[PDB]
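Taking it in order: structure first as structure tokens, then the write-up.
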Amino acid sequence: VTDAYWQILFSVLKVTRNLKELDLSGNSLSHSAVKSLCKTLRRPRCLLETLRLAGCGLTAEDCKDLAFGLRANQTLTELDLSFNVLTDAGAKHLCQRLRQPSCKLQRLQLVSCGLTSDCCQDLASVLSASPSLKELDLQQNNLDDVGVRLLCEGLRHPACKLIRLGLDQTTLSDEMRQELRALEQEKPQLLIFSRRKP
Ligand code: NA
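The opening position of the sequence shown corresponds to residue 792 in PDB author numbering, with each subsequent residue numbered one higher.
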């Protein structure tokens, strides 16, 4: 799918009304496509509350353009970036924006994005300073005890507001698992799920 097409597609979006959910999952988005989309997100009338970019071929550099295009947006509440090789570098660009008080995302999914323990400090930073984040899906990533313990510091922060955290506990030490279960009692309304655990 060619750049000229994308360019015209995102121009059609700016002039259609009460379009509140954009779902491009499955479409490979070139870097030209990703920059165009950053423009439709930076028009002040962007009525978009849900943006789904799962399995689109996004890379770390696309996260920079994405976080930049959302600096002046306070309407978007769902973002799906699952199934893109974003790496901890991509996740870092995103966190710098999610951590802003101006950003009020509620649901973020980063399922299967190639994240490791390296990004958990930037994630915990979001956890302990986000005014509206209620759902963070980190399933199907390679987080170990190093990373999860940094997440727990963000979870225990009295400002943290998460109610659902998708997190695979497959390779965590039993010490780690116990820390996670103790946190069910310090934060009674946080649910820690995993479709990968029976
Ligand atoms: Na925030």
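All C-beta atoms in this analysis are idealised placements derived from N, C-alpha and C, irrespective of residue type, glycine included.
In the DSSP assignment, find the alpha helix (DSSP H) that holds residue i and state where it starts and stops.
| i | result |
| --- | --- |
| residue 972 | 965-977 |
| residue 856 | 851-860 |
| residue 906 | Unbroken run through residue 906: none, as it is neither H nor E. |
| residue 836 | From DSSP, residue 836 is part of no alpha helix (DSSP H); its letter is neither H nor E. |
Just to confirm, are residue i and residue j a CB contact at a threshold of 9 Å?
| i | j | result |
| --- | --- | --- |
| residue 872 | residue 885 | yes |
| residue 814 | residue 850 | no |
| residue 869 | residue 896 | yes |
| residue 958 | residue 939 | yes |
Could you have a look at residue i and say whether DSSP puts it in helix, strand or coil?
| i | result |
| --- | --- |
| residue 841 | strand |
| residue 935 | coil |
| residue 808 | coil |
| residue 959 | coil |
| residue 982 | strand |
| residue 870 | strand |
| residue 953 | coil |
| residue 820 | coil |
| residue 813 | strand |
| residue 878 | helix |
| residue 863 | coil |
| residue 891 | coil |
| residue 795 | helix |
CA-CA distance, residue i and residue j?
| i | j | result |
| --- | --- | --- |
| residue 979 | residue 986 | 21 Å |
| residue 830 | residue 969 | 45 Å |
| residue 965 | residue 861 | 39 Å |
| residue 819 | residue 890 | 28 Å |
| residue 929 | residue 902 | 5 Å |
| residue 827 | residue 806 | 14 Å |
| residue 936 | residue 793 | 43 Å |
| residue 797 | residue 909 | 34 Å |
| residue 847 | residue 962 | 28 Å |
| residue 816 | residue 883 | 22 Å |
| residue 843 | residue 893 | 21 Å |
| residue 804 | residue 927 | 28 Å |
| residue 881 | residue 982 | 26 Å |
| residue 907 | residue 931 | 10 Å |
| residue 887 | residue 858 | 8 Å |
| residue 944 | residue 915 | 7 Å |
| residue 812 | residue 863 | 18 Å |
| residue 854 | residue 877 | 7 Å |
In terms of residues, what are the limits of the beta strand (DSSP E) holding residue i?
| i | result |
| --- | --- |
| residue 898 | 898-900 |
| residue 927 | 926-928 |
For a test of your reading of the model: does the CB of residue i fall under 8 Å from any non-hydrogen atom of the ligand NAD? Yes or no.
| i | result |
| --- | --- |
| residue 951 | The ligand NAD is absent from the structure shown, which contains only the ligand NA. |
(message) Check whether the stretch 929-949 and the stretch 913-921 touch, using three or more Cβ-Cβ pairs below 8 Å as the test.
(response) yes
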